[PDB]
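Student: Please read through the structure below; I'll follow up with questions.
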Amino acid sequence: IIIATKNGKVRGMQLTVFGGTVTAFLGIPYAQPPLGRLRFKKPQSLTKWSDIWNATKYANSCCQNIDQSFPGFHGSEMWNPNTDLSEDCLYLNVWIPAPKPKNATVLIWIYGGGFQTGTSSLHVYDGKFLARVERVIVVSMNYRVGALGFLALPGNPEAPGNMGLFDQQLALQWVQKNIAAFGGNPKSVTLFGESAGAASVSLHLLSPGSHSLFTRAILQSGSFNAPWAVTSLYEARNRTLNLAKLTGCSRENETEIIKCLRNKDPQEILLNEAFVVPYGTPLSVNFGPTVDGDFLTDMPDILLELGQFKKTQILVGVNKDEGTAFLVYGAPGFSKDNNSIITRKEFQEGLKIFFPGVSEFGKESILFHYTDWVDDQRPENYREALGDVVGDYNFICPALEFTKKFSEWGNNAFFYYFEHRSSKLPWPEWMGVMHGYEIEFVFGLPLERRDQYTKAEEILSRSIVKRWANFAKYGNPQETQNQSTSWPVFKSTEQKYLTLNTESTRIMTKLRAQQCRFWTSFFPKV
Ligand SMILES: *[C@@H]1O[C@H](CO[C@@H]2O[C@@H](C)[C@@H](O)[C@@H](O)[C@@H]2O)[C@@H](O[C@@H]2O[C@H](CO)[C@@H](O)[C@H](O)[C@H]2NC(C)=O)[C@H](O)[C@H]1NC(C)=O
Ligand SMILES: *[C@@H]1O[C@H](CO[C@@H]2O[C@@H](C)[C@@H](O)[C@@H](O)[C@@H]2O)[C@@H](O[C@@H]2O[C@H](CO)[C@@H](O)[C@H](O)[C@H]2NC(C)=O)[C@H](O)[C@H]1NC(C)=O
Ligand SMILES: *[C@@H]1O[C@H](CO[C@@H]2O[C@@H](C)[C@@H](O)[C@@H](O)[C@@H]2O)[C@@H](O[C@@H]2O[C@H](CO)[C@@H](O)[C@H](O)[C@H]2NC(C)=O)[C@H](O)[C@H]1NC(C)=O
Ligand SMILES: COCCN(C[C@@H]1CCCN(Cc2ccccc2)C1)S(=O)(=O)c1ccc2ccccc2c1
Ligand SMILES: *[C@@H]1O[C@H](CO[C@@H]2O[C@@H](C)[C@@H](O)[C@@H](O)[C@@H]2O)[C@@H](O)[C@H](O)[C@H]1NC(C)=O
Ligand SMILES: *[C@@H]1O[C@H](CO[C@@H]2O[C@@H](C)[C@@H](O)[C@@H](O)[C@@H]2O)[C@@H](O)[C@H](O)[C@H]1NC(C)=O
Ligand SMILES: CC(=O)N[C@H]1[C@H]([C@H](O)[C@H](O)CO)O[C@@](O)(C(=O)O)C[C@@H]1O
Ligand SMILES: *[C@@H]1O[C@H](CO)[C@@H](O)[C@H](O)[C@H]1NC(C)=O
Ligand SMILES: [Cl-]
């Protein structure tokens with residue numbers, strides 16, 4: 001029940017899962033609380049304790065604004081933090097199989113939330129099912145988000161940027177130093193993450209200081225080359241300065257600006273984060289990763305293009321309707337409570353919302369590419385077009401490009417297209433296979449027969465869980481036993497991918513070929 005770690009003993013707790021047992025250590029601290037003079041700095045090392053730390057409940061989530069767009073609605077509130085917010089939030093969680101494994105592969109989860117939100121204690125991130133079913137160890141950590149995790153004054157150690165990424169990296173280090181005492185294998189560590197968590201995973205593939213801290217990587221609906229994932233050094237300075245003005249902290253000595261921000265209460269930094277950008281969109285990332293000269297030594301597109309990244313296997317994928325979620329967070333004519341049949345003029349207004357700083361010609365060119373109808377009379381033509389615009393631009397085409405460029409250097413890559421709409425999905429049917437709604441399948445929640453999932457969804461989750469665990473253990477996401485479709489490597493020439501659904505699991509080629517040539521080759525010019 002008690003494990004001796006390098007910094008002290010921790011006590012866990014037994015859980016009953018599927019007529020078996022999983023041992024959970026929830027809320028192990030992995031860094032000095034980043035409080036007081038430590039706000040905005042890289043995370044400092046933890047000094048030992050002599051007692052027994054009680055890791056029996058999730059710890060505080062990091063400070064963050066909350067999505068209040070749909071109070072009482074499970075489809076949005078399932079993503080909101082479910083422990084107290086606090087600056088004292090640098091904790092991690094460990095689920096280990098019972099009986100204690102001898103040398104188990106480790107899966108480390110990095111949550112998303114646009115780098116402004118998220119917490120590892122969400123119900124859909126519960127590691128106990130993977131530990132029970134596949135006898136892997138699951139680790140997840142809280143890392144700082146928003147300005148408190150990514151405020152950037154480049155070169156200045158008082159606020160260097162990328163602190164939340166260094167939070168993640170310090171937790172990977174904790175697993176290297178400590179997971180063998182839990183029965184884990186530090187030489188067999190796979191990172192997995194979704195959305196900004198997947199963008200985070202991809203940046204660890206680029207960061208030389210993370211290279212020795214993991215083996216393989218899984219990227220679910222995200223990568224660093226997505227247009228929302230990396231803040232420019234220009235915007236980062238303008239945003240840090242605007243935050244200073246907003247809080248009466250404008251100074252000329254930049255270090256004195258940080259000292260002033262260190263005396264504001266967390267809630268007043270949070271309230272001014274929104275307005276540091278003049279025209280925001282539903283995908284705005286106020287404070288995110290930057291090229292800091294430390295974690296990130298050059299523009300990541302250059303590093304990707306020139307093969308400067310960890311050479312290992314990757315698993316990458318996207319969902320069929322990545323873009324629809326964002327339409328109900330600002331696009332005119334849209335509502336989760338009706339079928340959102342919009343007109344051409346609403347479509348055009350919708351592009352102004354998603355591409356506010358883009359030239360008139362740029363917006364026309366999106367319209368031109370996405371309105372060549374196979375039928376001009378379908379009432380939902382425009383509703384679907386805007387969704388595909390948002391999802392192709394922001395998730396699908398960047399993930400396909402990352403996979404192509406990464407595989408060109410000789411590593412096995414595997415790409416999936418997830419197209420199952422959850423039977424339990426609280427959002428309306430027109431929104432489809434939404435961003436974030438593969439996660440519960442990856443974590444094995446449909447394996448729990450009590451929870452109203454269909455039988456077909458148990459089978460699909462069961463096969464996904466097996467493929468993810470085989471990728472982490474062996475670098476190869478096959479299900480070898482139940483006459484399953486074999487998953488081929490993704491090569492830049494043939495570009496084969498695997499579709500994931502309850503019906504027919506098929507091999508297909510060149511996902512969104514025509515749409516992505518527009519986003520990837522032409523649109524960057526406008
Ligand atoms: C636990 O297992 C490791 C081997 O891990 C495997 O090899 C990795 C390279 C990676 O591909 C993982 O996914 C694999 O599961 C053992 O590591 C060995 O350690 C000895 C130490 O003397 C070393 O000489 C060997 O070269 C290591 N093997 C490899 C393949 O590098 C480790 O000893 C095992 N520990 C326990 C307690 O079982
Ligand atoms: C960079 O920052 C300036 C300042 O932003 C304004 O003040 C901040 C404190 C914050 O409250 C923002 O919401 C404000 O917009 C931006 O310049 C402003 O731009 C808006 C609209 O473009 C304009 O109405 C204001 O008059 C401008 N104010 C000043 C002082 O110039 C600027 O757009 C930001 N972005 C870039 C790329 O420079
Ligand atoms: C779908 O709903 C949107 C959103 O309107 C709100 O939600 C509805 C479910 C209902 O509760 C309305 O009373 C709410 O206003 C509708 O978009 C609005 O349309 C009106 C006129 O068409 C326009 O003046 C508003 O600005 C629109 N609001 C927004 C936020 O864009 C839309 O018309 C509905 N579509 C249908 C019923 O097909
Ligand atoms: C208080 O925070 C306001 C801003 N964000 C809220 C999210 C906006 C999108 C919807 N999320 C809920 C949700 C619904 C449906 C399916 C999944 C998820 C809430 S955010 O900071 O979290 C954010 C920012 C920029 C991102 C860019 C790319 C992808 C995700 C992003 C999230
Ligand atoms: C940490 O927890 C210790 C033990 O808690 C008790 O025993 C275990 C087996 C569980 O059954 C738990 O629910 C019980 O409450 C306490 O004795 C100790 O005081 C705790 N330490 C602190 C600092 O709170
Ligand atoms: C594989 O299928 C199991 C149920 O099917 C039965 O068992 C397999 C091994 C075959 O012999 C088949 O003819 C049987 O009908 C599931 O219980 C099991 O979880 C599945 N495994 C995976 C990884 O999906
Ligand atoms: C955010 C925060 O610091 N919460 C703390 C809570 C609350 O202060 C009280 O339960 C009242 O809400 O108290 C603890 O003793 C607990 O019960 O686990 C420690 C925990 O850290
Ligand atoms: C700014 O302040 C710091 C400490 O408060 C000091 O070390 C530094 O020299 C100052 N620089 C300027 C340009 O005032
Ligand atoms: Cl390693």
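Chain labels run A, B, ... following the order of the structure tokens; each chain numbers its residues from 1, and ligands are numbered from 1 in the order shown.
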Assign secondary structure with DSSP using the backbone only, and return the residues of region 282-488 of chain A in helix (DSSP H, G or I) as a PyMOL selection string.
Tutor: chain A and resi 300-305+324-327+344-354+360-370+381-407+429-431+439-442+445-447+449-451+455-474
Student: Please provide the set of residues having any atom within 8 Å of region 55-72 of chain A, restricted to only C-alpha atoms, with same-chain residues fewer than 5 positions apart removed, written as a ChimeraX atom specification.
Tutor: /A:10-13,24-28,77,80-91,93,116-121,142-146,148,266,270-271,329
Student: Filtering to N, CA and C atoms, could you give me those residues as an mmCIF file, in the first residue's frame?
Tutor:
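Output contents, as saved in result.cif:
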data_model
loop_
_atom_site.group_PDB
_atom_site.id
_atom_site.type_symbol
_atom_site.label_atom_id
_atom_site.label_comp_id
_atom_site.auth_asym_id
_atom_site.auth_seq_id
_atom_site.Cartn_x
_atom_site.Cartn_y
_atom_site.Cartn_z
ATOM 1 N N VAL A 10 4.957 7.311 -0.370
ATOM 2 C CA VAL A 10 3.580 7.653 -0.689
ATOM 3 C C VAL A 10 2.685 6.451 -0.394
ATOM 4 N N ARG A 11 1.491 6.724 0.119
ATOM 5 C CA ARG A 11 0.466 5.709 0.308
ATOM 6 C C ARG A 11 -0.620 5.864 -0.752
ATOM 7 N N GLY A 12 -1.022 4.744 -1.341
ATOM 8 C CA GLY A 12 -2.092 4.755 -2.318
ATOM 9 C C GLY A 12 -3.384 4.166 -1.795
ATOM 10 N N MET A 13 -4.177 3.607 -2.699
ATOM 11 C CA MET A 13 -5.506 3.137 -2.349
ATOM 12 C C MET A 13 -5.932 2.081 -3.364
ATOM 13 N N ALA A 24 -4.132 2.889 -7.081
ATOM 14 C CA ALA A 24 -4.088 4.270 -7.545
ATOM 15 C C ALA A 24 -3.318 5.131 -6.557
ATOM 16 N N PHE A 25 -2.418 5.957 -7.076
ATOM 17 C CA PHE A 25 -1.754 7.002 -6.304
ATOM 18 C C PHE A 25 -2.164 8.304 -6.969
ATOM 19 N N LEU A 26 -3.087 9.019 -6.338
ATOM 20 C CA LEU A 26 -3.672 10.231 -6.897
ATOM 21 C C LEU A 26 -3.134 11.437 -6.136
ATOM 22 N N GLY A 27 -2.550 12.385 -6.859
ATOM 23 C CA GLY A 27 -2.013 13.585 -6.237
ATOM 24 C C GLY A 27 -0.656 13.449 -5.568
ATOM 25 N N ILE A 28 0.315 12.860 -6.262
ATOM 26 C CA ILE A 28 1.713 12.880 -5.820
ATOM 27 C C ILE A 28 2.347 14.189 -6.278
ATOM 28 N N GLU A 77 -19.729 20.728 -19.540
ATOM 29 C CA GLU A 77 -19.225 20.686 -18.177
ATOM 30 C C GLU A 77 -18.363 19.457 -17.898
ATOM 31 N N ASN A 80 -14.881 20.778 -17.699
ATOM 32 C CA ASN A 80 -14.513 21.752 -16.671
ATOM 33 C C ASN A 80 -13.828 21.092 -15.469
ATOM 34 N N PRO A 81 -12.934 21.816 -14.794
ATOM 35 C CA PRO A 81 -12.179 21.209 -13.689
ATOM 36 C C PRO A 81 -13.117 20.681 -12.618
ATOM 37 N N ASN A 82 -12.725 19.563 -11.995
ATOM 38 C CA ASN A 82 -13.514 18.908 -10.958
ATOM 39 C C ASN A 82 -12.728 18.763 -9.659
ATOM 40 N N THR A 83 -11.670 19.551 -9.482
ATOM 41 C CA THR A 83 -11.080 19.798 -8.172
ATOM 42 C C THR A 83 -10.832 21.295 -8.052
ATOM 43 N N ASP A 84 -10.672 21.762 -6.803
ATOM 44 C CA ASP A 84 -10.364 23.165 -6.532
ATOM 45 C C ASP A 84 -9.233 23.644 -7.415
ATOM 46 N N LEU A 85 -9.390 24.853 -7.947
ATOM 47 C CA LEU A 85 -8.296 25.532 -8.613
ATOM 48 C C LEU A 85 -7.343 26.088 -7.564
ATOM 49 N N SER A 86 -6.049 26.046 -7.874
ATOM 50 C CA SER A 86 -5.040 26.623 -6.996
ATOM 51 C C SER A 86 -3.749 26.749 -7.786
ATOM 52 N N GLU A 87 -2.946 27.754 -7.453
ATOM 53 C CA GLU A 87 -1.607 27.801 -8.024
ATOM 54 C C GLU A 87 -0.775 26.607 -7.572
ATOM 55 N N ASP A 88 -1.130 26.024 -6.433
ATOM 56 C CA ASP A 88 -0.477 24.832 -5.907
ATOM 57 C C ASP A 88 -1.143 23.648 -6.597
ATOM 58 N N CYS A 89 -0.641 23.298 -7.794
ATOM 59 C CA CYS A 89 -1.324 22.304 -8.609
ATOM 60 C C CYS A 89 -0.374 21.359 -9.338
ATOM 61 N N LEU A 90 0.921 21.352 -9.010
ATOM 62 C CA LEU A 90 1.889 20.518 -9.718
ATOM 63 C C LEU A 90 1.951 19.147 -9.050
ATOM 64 N N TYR A 91 0.955 18.319 -9.383
ATOM 65 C CA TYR A 91 0.803 16.953 -8.889
ATOM 66 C C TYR A 91 0.622 16.011 -10.073
ATOM 67 N N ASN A 93 -0.559 11.598 -11.092
ATOM 68 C CA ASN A 93 -1.333 10.419 -10.719
ATOM 69 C C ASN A 93 -0.701 9.179 -11.324
ATOM 70 N N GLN A 116 -4.975 26.732 -22.203
ATOM 71 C CA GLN A 116 -5.559 27.654 -21.230
ATOM 72 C C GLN A 116 -6.350 26.944 -20.143
ATOM 73 N N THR A 117 -6.736 25.693 -20.370
ATOM 74 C CA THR A 117 -7.623 24.947 -19.495
ATOM 75 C C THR A 117 -7.168 23.494 -19.449
ATOM 76 N N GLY A 118 -7.775 22.736 -18.535
ATOM 77 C CA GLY A 118 -7.632 21.294 -18.509
ATOM 78 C C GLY A 118 -7.206 20.790 -17.144
ATOM 79 N N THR A 119 -7.486 19.523 -16.850
ATOM 80 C CA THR A 119 -6.967 18.922 -15.624
ATOM 81 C C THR A 119 -6.939 17.412 -15.803
ATOM 82 N N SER A 120 -6.002 16.764 -15.102
ATOM 83 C CA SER A 120 -5.836 15.325 -15.247
ATOM 84 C C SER A 120 -6.886 14.524 -14.491
ATOM 85 N N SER A 121 -7.721 15.168 -13.687
ATOM 86 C CA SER A 121 -8.686 14.450 -12.864
ATOM 87 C C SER A 121 -10.025 14.261 -13.554
ATOM 88 N N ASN A 142 -0.843 17.340 -13.822
ATOM 89 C CA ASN A 142 -1.314 18.705 -13.998
ATOM 90 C C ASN A 142 -0.126 19.590 -14.339
ATOM 91 N N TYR A 143 -0.340 20.510 -15.272
ATOM 92 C CA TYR A 143 0.701 21.440 -15.682
ATOM 93 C C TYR A 143 0.050 22.805 -15.826
ATOM 94 N N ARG A 144 0.835 23.873 -15.655
ATOM 95 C CA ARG A 144 0.236 25.203 -15.627
ATOM 96 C C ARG A 144 -0.227 25.635 -17.014
ATOM 97 N N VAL A 145 -1.345 26.356 -17.046
ATOM 98 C CA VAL A 145 -2.015 26.742 -18.274
ATOM 99 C C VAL A 145 -2.255 28.253 -18.255
ATOM 100 N N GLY A 146 -2.607 28.791 -19.418
ATOM 101 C CA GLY A 146 -2.836 30.216 -19.490
ATOM 102 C C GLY A 146 -1.570 31.004 -19.216
ATOM 103 N N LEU A 148 -0.269 31.933 -16.459
ATOM 104 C CA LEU A 148 0.556 31.404 -15.374
ATOM 105 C C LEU A 148 1.482 30.291 -15.846
ATOM 106 N N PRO A 266 -4.340 35.584 -8.280
ATOM 107 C CA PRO A 266 -4.573 34.769 -9.481
ATOM 108 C C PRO A 266 -5.796 35.198 -10.273
ATOM 109 N N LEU A 270 -6.270 36.065 -14.393
ATOM 110 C CA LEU A 270 -7.188 35.266 -15.201
ATOM 111 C C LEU A 270 -8.181 36.143 -15.954
ATOM 112 N N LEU A 271 -8.693 37.190 -15.296
ATOM 113 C CA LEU A 271 -9.761 37.984 -15.901
ATOM 114 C C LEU A 271 -9.258 38.826 -17.060
ATOM 115 N N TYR A 329 -19.562 28.111 -30.446
ATOM 116 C CA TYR A 329 -18.876 29.058 -29.573
ATOM 117 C C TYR A 329 -18.604 30.384 -30.289
#
Student: Show which residues sit within 9 Å of residue 5 (chain A), as a PDB file with N, CA and C atoms, in the first residue's frame. Count only C-alpha atoms, and ignore same-chain residues fewer than 6 positions away.
Tutor:
ATOM      1  N   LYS A 177      12.937   8.750 -12.753  1.00  0.00           N
ATOM      2  CA  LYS A 177      13.601   8.522 -11.468  1.00  0.00           C
ATOM      3  C   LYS A 177      12.831   7.574 -10.546  1.00  0.00           C
ATOM      4  N   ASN A 178      11.511   7.449 -10.704  1.00  0.00           N
ATOM      5  CA  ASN A 178      10.695   6.831  -9.668  1.00  0.00           C
ATOM      6  C   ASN A 178       9.842   5.651 -10.117  1.00  0.00           C
ATOM      7  N   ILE A 179       9.527   5.500 -11.407  1.00  0.00           N
ATOM      8  CA  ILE A 179       8.479   4.533 -11.744  1.00  0.00           C
ATOM      9  C   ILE A 179       8.936   3.084 -11.528  1.00  0.00           C
ATOM     10  N   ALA A 181      10.137   1.892  -8.903  1.00  0.00           N
ATOM     11  CA  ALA A 181       9.681   1.501  -7.577  1.00  0.00           C
ATOM     12  C   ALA A 181       8.210   1.104  -7.584  1.00  0.00           C
ATOM     13  N   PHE A 182       7.455   1.531  -8.594  1.00  0.00           N
ATOM     14  CA  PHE A 182       6.063   1.146  -8.776  1.00  0.00           C
ATOM     15  C   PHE A 182       5.898  -0.083  -9.660  1.00  0.00           C
TER      16      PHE A 182
END
Student: Step by step, measure atom-to-atom distances between ligand 6 and each residue using only C-alpha atoms and all ligand atoms, keep those at most 6 Å, then write them as a PyMOL selection string.
Tutor: chain A and resi 462-463+466+479+482
Student: What does the file look like for those residues with N, CA and C atoms, as a CSV table (one decimal), in the first residue's frame?
Tutor:
chain,number,residue,atom,x,y,z
A,462,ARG,N,-12.5,-2.0,-26.8
A,462,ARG,CA,-11.6,-3.1,-26.5
A,462,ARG,C,-10.5,-3.2,-27.5
A,463,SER,N,-10.8,-3.1,-28.8
A,463,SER,CA,-9.8,-3.2,-29.8
A,463,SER,C,-8.9,-2.0,-29.8
A,466,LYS,N,-6.4,-2.3,-27.0
A,466,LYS,CA,-5.4,-3.3,-27.3
A,466,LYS,C,-4.4,-2.7,-28.3
A,479,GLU,N,-4.0,-5.5,-33.5
A,479,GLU,CA,-4.7,-6.5,-32.7
A,479,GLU,C,-4.5,-7.8,-33.4
A,482,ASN,N,-7.9,-11.5,-33.0
A,482,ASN,CA,-9.3,-11.7,-33.4
A,482,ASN,C,-9.6,-11.4,-34.8
Student: Any idea what the distance is between CA of residue 407 (chain A) and CA of residue 322 (chain A)?
Tutor: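 CA of residue 322 (chain A) lies at a distance of 23.2 Å from CA of residue 407 (chain A).
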Student: Once you count only C-alpha atoms and all ligand atoms, which residues end up within 7 Å of ligand 5, and could you hand them over as JSON, numbers by chain?
Tutor: {"A": [52, 53, 54]}
Student: I'd like a table as JSON lines: residues in chain A with an atom no more than 10 Å from ligand 9, each row giving the shortest atom pair and its distance in Å to one decimal, only C-alpha atoms and all ligand atoms counted, sorted by chain and rising residue number.
Tutor:
{"residue": "A:176", "atom": "CA", "partner": "ligand 9", "partner_atom_place_in_ligand_line": "1 (Cl)", "distance": 8.3}
{"residue": "A:185", "atom": "CA", "partner": "ligand 9", "partner_atom_place_in_ligand_line": "1 (Cl)", "distance": 9.2}
{"residue": "A:186", "atom": "CA", "partner": "ligand 9", "partner_atom_place_in_ligand_line": "1 (Cl)", "distance": 6.4}
{"residue": "A:187", "atom": "CA", "partner": "ligand 9", "partner_atom_place_in_ligand_line": "1 (Cl)", "distance": 4.3}
{"residue": "A:188", "atom": "CA", "partner": "ligand 9", "partner_atom_place_in_ligand_line": "1 (Cl)", "distance": 6.2}
{"residue": "A:189", "atom": "CA", "partner": "ligand 9", "partner_atom_place_in_ligand_line": "1 (Cl)", "distance": 6.5}
{"residue": "A:190", "atom": "CA", "partner": "ligand 9", "partner_atom_place_in_ligand_line": "1 (Cl)", "distance": 9.1}
{"residue": "A:210", "atom": "CA", "partner": "ligand 9", "partner_atom_place_in_ligand_line": "1 (Cl)", "distance": 9.7}
{"residue": "A:211", "atom": "CA", "partner": "ligand 9", "partner_atom_place_in_ligand_line": "1 (Cl)", "distance": 7.7}
{"residue": "A:212", "atom": "CA", "partner": "ligand 9", "partner_atom_place_in_ligand_line": "1 (Cl)", "distance": 5.2}
{"residue": "A:213", "atom": "CA", "partner": "ligand 9", "partner_atom_place_in_ligand_line": "1 (Cl)", "distance": 5.4}
{"residue": "A:214", "atom": "CA", "partner": "ligand 9", "partner_atom_place_in_ligand_line": "1 (Cl)", "distance": 4.5}
{"residue": "A:215", "atom": "CA", "partner": "ligand 9", "partner_atom_place_in_ligand_line": "1 (Cl)", "distance": 4.7}
{"residue": "A:216", "atom": "CA", "partner": "ligand 9", "partner_atom_place_in_ligand_line": "1 (Cl)", "distance": 8.6}
Student: Take the residues from that selection and put them in a file with N, CA and C atoms, as a tab-separated table (two decimals), in the first residue's frame.
Tutor:
chain	number	residue	atom	x	y	z
A	176	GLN	N	10.99	8.80	-14.83
A	176	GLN	CA	12.29	8.17	-15.04
A	176	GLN	C	12.93	7.80	-13.70
A	185	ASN	N	8.63	0.22	-16.11
A	185	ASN	CA	9.86	0.19	-16.89
A	185	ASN	C	10.16	1.59	-17.44
A	186	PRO	N	11.12	2.32	-16.87
A	186	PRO	CA	11.43	3.66	-17.40
A	186	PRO	C	11.98	3.64	-18.82
A	187	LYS	N	12.43	2.49	-19.32
A	187	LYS	CA	12.90	2.35	-20.69
A	187	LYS	C	11.77	2.09	-21.68
A	188	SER	N	10.51	2.00	-21.21
A	188	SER	CA	9.35	1.74	-22.07
A	188	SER	C	8.23	2.71	-21.68
A	189	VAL	N	8.36	3.96	-22.11
A	189	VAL	CA	7.44	5.04	-21.76
A	189	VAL	C	6.85	5.62	-23.04
A	190	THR	N	5.53	5.58	-23.17
A	190	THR	CA	4.87	6.19	-24.31
A	190	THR	C	4.07	7.39	-23.84
A	210	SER	N	13.77	16.61	-23.70
A	210	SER	CA	12.82	15.54	-23.42
A	210	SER	C	13.23	14.21	-24.05
A	211	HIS	N	14.28	14.19	-24.88
A	211	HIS	CA	14.52	13.02	-25.72
A	211	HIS	C	14.77	11.77	-24.90
A	212	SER	N	15.49	11.89	-23.78
A	212	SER	CA	15.81	10.71	-22.99
A	212	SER	C	14.71	10.31	-22.01
A	213	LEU	N	13.61	11.07	-21.96
A	213	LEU	CA	12.54	10.87	-20.99
A	213	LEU	C	11.35	10.09	-21.53
A	214	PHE	N	11.40	9.59	-22.77
A	214	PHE	CA	10.30	8.77	-23.28
A	214	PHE	C	10.76	7.98	-24.50
A	215	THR	N	9.96	6.98	-24.88
A	215	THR	CA	10.26	6.04	-25.97
A	215	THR	C	9.47	6.31	-27.26
A	216	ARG	N	8.14	6.41	-27.16
A	216	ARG	CA	7.25	6.48	-28.32
A	216	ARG	C	6.19	7.54	-28.06
Student: Write out as a PyMOL selection string each polymer residue whose atoms come within 10 Å of residue 217 (chain A), counting only C-alpha atoms; drop sequence neighbours fewer than 5 positions from it.
Tutor: chain A and resi 107-108+189-193+198+201-202+204-205+312-316+413+471-472+475
Student: Print the selection's residues with N, CA and C atoms to a file, as a tab-separated table (two decimals), in the first residue's frame.
Tutor:
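Result file result36.tsv:
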chain	number	residue	atom	x	y	z
A	107	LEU	N	2.33	4.43	-19.81
A	107	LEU	CA	1.63	5.38	-20.67
A	107	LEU	C	1.42	6.67	-19.88
A	108	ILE	N	1.92	7.79	-20.41
A	108	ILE	CA	1.85	9.09	-19.75
A	108	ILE	C	0.90	9.99	-20.52
A	189	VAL	N	8.36	3.96	-22.11
A	189	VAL	CA	7.44	5.04	-21.76
A	189	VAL	C	6.85	5.62	-23.04
A	190	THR	N	5.53	5.58	-23.17
A	190	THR	CA	4.87	6.19	-24.31
A	190	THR	C	4.07	7.39	-23.84
A	191	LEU	N	4.30	8.55	-24.45
A	191	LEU	CA	3.48	9.73	-24.17
A	191	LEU	C	2.25	9.65	-25.05
A	192	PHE	N	1.09	10.01	-24.47
A	192	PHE	CA	-0.11	10.20	-25.29
A	192	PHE	C	-0.89	11.40	-24.79
A	193	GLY	N	-1.53	12.09	-25.74
A	193	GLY	CA	-2.24	13.32	-25.46
A	193	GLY	C	-3.21	13.64	-26.57
A	198	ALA	N	-1.83	16.70	-27.39
A	198	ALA	CA	-1.12	16.10	-28.52
A	198	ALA	C	-0.09	17.07	-29.10
A	201	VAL	N	2.74	16.68	-26.87
A	201	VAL	CA	3.54	15.49	-27.18
A	201	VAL	C	4.46	15.77	-28.36
A	202	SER	N	3.94	16.40	-29.41
A	202	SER	CA	4.78	16.66	-30.57
A	202	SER	C	5.95	17.60	-30.23
A	204	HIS	N	7.52	17.71	-27.32
A	204	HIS	CA	8.51	16.88	-26.64
A	204	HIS	C	9.35	16.06	-27.64
A	205	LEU	N	8.77	15.66	-28.78
A	205	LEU	CA	9.58	15.04	-29.83
A	205	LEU	C	10.62	16.00	-30.38
A	312	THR	N	11.72	7.85	-33.61
A	312	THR	CA	10.96	6.81	-32.92
A	312	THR	C	9.66	6.62	-33.69
A	313	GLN	N	8.82	5.70	-33.23
A	313	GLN	CA	7.55	5.45	-33.89
A	313	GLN	C	6.51	6.42	-33.36
A	314	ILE	N	5.53	6.76	-34.21
A	314	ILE	CA	4.43	7.60	-33.79
A	314	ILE	C	3.10	7.02	-34.26
A	315	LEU	N	2.07	7.29	-33.47
A	315	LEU	CA	0.69	6.99	-33.79
A	315	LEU	C	-0.06	8.32	-33.76
A	316	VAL	N	-0.76	8.64	-34.85
A	316	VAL	CA	-1.38	9.95	-35.02
A	316	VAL	C	-2.79	9.75	-35.56
A	413	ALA	N	5.23	5.29	-38.90
A	413	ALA	CA	4.10	6.06	-38.43
A	413	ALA	C	2.82	5.31	-38.77
A	471	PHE	N	0.99	-0.63	-29.27
A	471	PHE	CA	1.90	0.39	-29.78
A	471	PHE	C	2.89	0.81	-28.70
A	472	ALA	N	2.41	1.07	-27.48
A	472	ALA	CA	3.31	1.46	-26.40
A	472	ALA	C	4.30	0.35	-26.06
A	475	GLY	N	5.67	-0.88	-30.26
A	475	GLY	CA	5.79	-0.02	-31.42
A	475	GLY	C	4.94	-0.38	-32.62
Student: Return the single residue from A:459, A:152, A:507, A:526 that is closest to residue 362 (chain A), with distances computed using only C-alpha atoms.
Tutor: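 Closest to residue 362 (chain A) of all the choices is A:526.
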Student: Using CA of residue 323 (chain A) and CA of residue 393 (chain A) as the two end points, give the distance in Å to one decimal.
Tutor: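 For CA of residue 323 (chain A) relative to CA of residue 393 (chain A), the distance reads 8.8 Å.
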Student: Quick one: everything within 9 Å of residue 326 (chain A), counting only C-alpha atoms, minus sequence neighbours fewer than 2 positions away in the same chain. Send it as a list in words.
Tutor: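 Everything that qualifies: residues 282, 283, 322, 323, 324, 328, 329, 330, 331, 387 and 390 of chain A.
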Student: Kindly work out which residues sit at most 8 Å from ligand 2, using only C-alpha atoms and all ligand atoms, and give the list as number ranges by chain.
Tutor: A: 234-235, 238-239, 241-246, 275-279
Student: Pick out the closest residue to residue 256 (chain A) from this set: A:403, A:45, A:76, A:156. Count only C-alpha atoms.
Tutor: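 Nearest candidate to residue 256 (chain A) out of A:403, A:45, A:76, A:156: A:156.
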Student: If you run DSSP over the backbone, which residues in region 125-257 of chain A end up strand (DSSP E)? Put them as a list in words.
Tutor: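 Answer for region 125-257 of chain A restricted to strand (DSSP E) is residues 137, 138, 139, 140, 141, 184, 185, 186, 187, 188, 189, 190, 191, 192, 193, 194, 216, 217, 218, 219 and 220 of chain A.
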Student: Show me which residues sit within 7 Å of ligand 3 when counting only C-alpha atoms and all ligand atoms, and put them as a list in words.
Tutor: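 The residues within 7 Å of ligand 3, counting only C-alpha atoms and all ligand atoms, are residues 331, 332, 333, 334, 335, 337, 338, 339, 340 and 341 of chain A.
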